[PDB]
Amino acid sequence: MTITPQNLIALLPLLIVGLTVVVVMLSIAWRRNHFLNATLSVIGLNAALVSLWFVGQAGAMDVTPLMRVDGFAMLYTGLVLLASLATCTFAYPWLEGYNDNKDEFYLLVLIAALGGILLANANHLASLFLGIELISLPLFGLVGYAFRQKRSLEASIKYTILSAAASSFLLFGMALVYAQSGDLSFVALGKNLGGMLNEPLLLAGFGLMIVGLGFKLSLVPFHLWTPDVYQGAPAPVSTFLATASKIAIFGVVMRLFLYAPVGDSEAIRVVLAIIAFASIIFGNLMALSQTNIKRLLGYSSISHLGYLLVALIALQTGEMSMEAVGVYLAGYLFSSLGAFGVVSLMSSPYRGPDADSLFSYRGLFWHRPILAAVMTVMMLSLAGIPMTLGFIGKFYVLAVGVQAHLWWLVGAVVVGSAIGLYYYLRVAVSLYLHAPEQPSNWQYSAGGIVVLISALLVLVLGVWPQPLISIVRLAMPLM
Amino acid sequence: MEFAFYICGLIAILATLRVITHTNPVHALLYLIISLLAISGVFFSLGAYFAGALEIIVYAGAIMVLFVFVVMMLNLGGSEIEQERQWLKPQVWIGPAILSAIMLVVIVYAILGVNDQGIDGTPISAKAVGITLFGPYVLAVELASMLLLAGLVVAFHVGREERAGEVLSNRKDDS
Amino acid sequence: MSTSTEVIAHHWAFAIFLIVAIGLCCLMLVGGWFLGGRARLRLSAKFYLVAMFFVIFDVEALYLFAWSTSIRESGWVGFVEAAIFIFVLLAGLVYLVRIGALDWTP
Amino acid sequence: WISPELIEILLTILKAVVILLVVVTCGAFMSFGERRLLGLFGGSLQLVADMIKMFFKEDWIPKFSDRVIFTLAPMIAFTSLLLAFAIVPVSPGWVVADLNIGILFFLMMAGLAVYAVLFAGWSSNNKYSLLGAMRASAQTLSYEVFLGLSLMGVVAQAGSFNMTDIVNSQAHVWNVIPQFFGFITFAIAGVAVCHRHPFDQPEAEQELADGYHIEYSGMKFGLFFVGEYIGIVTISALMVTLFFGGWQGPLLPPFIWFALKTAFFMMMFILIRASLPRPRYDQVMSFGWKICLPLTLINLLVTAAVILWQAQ
Amino acid sequence: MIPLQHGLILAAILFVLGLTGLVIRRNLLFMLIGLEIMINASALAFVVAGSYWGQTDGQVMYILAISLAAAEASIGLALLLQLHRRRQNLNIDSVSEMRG
């Protein structure tokens, strides 16, 4: 299928992020300026957001067999751009005290944002594979950006090896499902079958795809990469791989499971039920004895992705699961954004590789009280506690689980949340205690007001969640 | 031409088996080179001429070149691991091979039972791959170009010396 | 195919050419061996950099390998996408020139 | 058991052995000519005498080295660029490889050619020869990166990989005049991949590096030498059949025309050897990236534009 | 002429042997070698699947697979030589400072 120049308006965030990639590249080549490159990157992301509004002026299109653009793609695309904007604003004070080159960070953030936009727009197996690799490889750059430090190099090694293994597993799985069904589009993955939906070859290929995707979504037992990668990587990198990567990969996973008729199978659903059950229980139990905030947030990402998966199980029955996942993903995005923003602001600047990159959350209120208030607001939001948007997402996933009679999974969600709030408000209280022992830059203030708007947004959308539901239900994809 | 496919597959399996259980890595890379050559012969036997051409042009012509570059570059001979011979012991070799054999058994149980029209002739020319690659796959080639650009940028950022000279010692943490 | 009685002759000629070149080299080495009578450190990262440039630009070249066959079957839209492909390729290339990864300077 | 099909396939086998023997003989004749017309700035039996000497010498296997890759590197350096010649047509009915991927096979052989230098450097237990092999491999990679694009110029002008399609698309105009940039880039890349005189001894600018040709003796070094020369003559044959008229001429027979143009390229190679001095390593890298790769990319873009402008 | 089952079995065997070499081997270079074996097996499976249906999408997926293989093999080798320049050993069990 050729590309009509009516379809050119639908590609606009993708093309603007690519154009700002090449403009940032030529600006690095010409001048090697830090502030100018960061300004060009954030200007490109903001132009991508306003061009996403211009996409919203147009309709929902199917450009190529690779790409379909609609409200689903629009919403998670905008989430990807705003997460990348937050990553850049958190990373500029971190990169201010960096010795080596400090603009390939922005180039890789832009490229991984472009891959996330592709994953949101992905309506094909090739587009899914290319998007997850376009998320993975700039993440290899971002995690191992401080390669002089021991822990960042270790995290980069672990992430690279395990993600290469997952990419090969997913590639073999899509090879098997392409050998079974002679098409690579999502909608044609089970059209030839029809009581004979449980073909062993298609089921094995989708199981290998489940392995390769549940690595990225930190689903058990492909979850052991998570705390090491969260701890070793820089804090803005941890922010980006917590919000944007998991949001884009879960969005393309849901579009795959919605468009393909293999989601009606009673074996894939049961396997994902077991995976979500064990993921919620294991992540919530494994964050219990944690004193490092980044490892604890990695296990929290495991548990929240288990909540996402139990929301995904009732996709074919409740008809509200996509809305619930949109609301929960917005809440999780803003909560992790605020928490990792406080982490990045306290861990800024880099201060060399020999220094210890420990957050030391105890006693945070007594020198920077606003960051402590934002962090305890995020800990309330991530725990499924009201006046916060995380409780709205928790209510939505509980309604989704109880609507399709997922009683084991609903009990798992309840038990895991009761386990989780222990360490959640343990951290939220410990940041108000007394520490034994222990700033004015305008972009540090920019990161502070970014996490301040994040806290205001989660509080307002916890006490008044109707606009988020209205803009999520308006972004209804093709059914 | 099915006999050539069978011979190429058998020697590819044998070559990668000797890759897994070899001591020094230069002969392992040589066996992997002949394994890629056998995989290219398999590609030619199935009518995928462009696939085998890209296999020896790039996979056996650029990737193994990079591996041999690194091996001869940092002067690794497999030392301080080849004196252990830990992979020639039952307690290390029995377990994961049993797990992978269980994976192989279940996945080839999944392979069987599928209907089979069989591999036919009519080889896929590179012209049709060019039509499809720049037809419905415009975004594929542009975003793969950006993927290769990102990989180039990362490995330049990580794998640059920042020192001087074409001979450097293995100093701890580069002073 | 093994039934068109001319391309099968070309296949036989190609295989015999390969096996007899290999046999000629083997017999030349055999004649060299039989006849005559008897009687830490590390290189760099710039070699890795140039080899990585080779492989990355080689894949970005194989894309043009595939494009050059269907250059007239595809229309001007194919020319536009190949033009922006070559443009971002040259942008990365001039990035490598201007940063200094592409120079030796002994 | 005589049948016409068996007669035809046996004649094709005989033609394949004949073209193999004549390309080995013409590579050796290039060696003899490079000895002859360099000194002025029958005698052909000195070639046979030298071959007799190299046959009747004691071989060396270094006691610290490994046999298989030390004896397999000359195998690569000989046969890779030897089977690179199988794709080249010399006549309407004297080709041995009429496969669909007519020049990608040469790209496979050129990619495999660097393993000879790499294996020589690793097997030769000598860090200086290892460093020289590193430099030579870096040179041939940095100069073979644009070989494919310089050939995609001709492929884009013709539309297919097959060499018969190239020489039939050159029926009205030869490809040297529309693509001269592709011609010079392909010539430079063919010289550098073959490790000819201007891109020879990259260890000359350093004294911690020695050539990879050392530590070989007798028939292995001889195989390296004749492999380099069959590589340069098959690069000459590829250049004439891809830019000049492949077996095309007014009155002389097509194989006679192809041999005459190939030898014309051989004397041109002798001349550019005699004229241009050796550059050092830094402009070699700087040229082979900065001037060579953007120029062939721009050449591909311009040839795409002109073949799509006159699209009828 | 050739069943699809034999080619898919060959690809599965190569993938399984690559996984075995990825797990049983401490040397990170050998782990990257096993990773390239697994990527090659997946690309071979895609090529067989494309050739069975007579479609060129399998070769497109092969091209994407080898592009990823090239880029992330460069990634792994850059990280490997960084590991060699910092800790002076390519052992992968030694780099285990980050534990649960």
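Going by the order they are written in, the chains are A, B, C, D and E; count residues from 1 in each one.
Throughout what follows, a contact is a pair of C-beta atoms (placed from the backbone, for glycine too) under 8 Å apart; a residue touches a chain by one contact, two chains touch by 3 or more.
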item: Contact-richer chain pair [C-D vs B-D]; value: C-D
item: Distance between chain centroids, defined by C-alpha means - chain B, chain C (Å); value: 16
item: Distance between chain centroids, defined by C-alpha means - chain A, chain B (Å); value: 31
item: Whole-Å gap separating chain A and chain E, where each centre is the average of the chain's CA atoms; value: 26
item: Where chain C touches two or more other chains at once, by residue number; value: 40-43, 45, 47-48, 51-56, 58-59, 62-63, 65-69, 71, 75, 77, 82, 88-89, 92, 94, 96-97, 106
item: Contacts with 2+ other chains: residues of chain E; value: 4, 8, 12, 18-19, 32, 43, 48, 50, 52, 57-58, 60, 63-64, 66-68, 70-75, 77-79, 81-82, 84-86, 88
item: Residue list for chain A, restricted to those that touch at least two other chains; value: 2-3, 18, 21, 126, 130, 133, 137, 140, 144, 147, 156, 176, 179
item: Interchain contacts (touch definition) - all pairs; value: A-B, A-C, A-E, B-C, B-D, B-E, C-D, C-E
item: Residues of chain C that touch chain E when the two form their complex; value: 40, 42, 45, 48, 52, 55-56, 58-59, 62-63, 66
item: Complex interface listing, chain C residues touching chain A; value: 75, 77, 87-88, 91-92, 94-95, 97-99
item: Touching residues (chain side chain D, partner chain B) in the complex; value: 66, 68-69, 72, 99-101, 104-105, 107-108, 111-112, 114-115, 118-119, 121-122, 130-131, 133-134, 137, 141, 160-161, 206, 208-209
item: In the complex, chain B residues that touch chain E; value: 1-2, 5, 9, 12-13, 16-17, 19-20, 25, 28-29, 32, 35-36, 39, 42-43, 45-48, 50-51, 54-55, 58-59, 62-63, 66-67, 70-71, 73-74, 76, 78, 80-81, 86-87, 92-93, 96-97, 99-101, 103-104, 107-108, 111-112, 114, 116-122, 124, 128-129, 131-133, 137, 140, 144, 147-148, 150-152, 154-155, 158-159, 161, 170, 172-174
item: Residue numbers on chain A that touch chain E, as the complex places them; value: 125-126, 129-130, 133, 136-137, 140, 144, 147, 150-151, 153-157, 160-161, 164-165, 167-169, 171-172, 174-176, 178-179, 182, 184, 227-228, 231-232, 286, 295
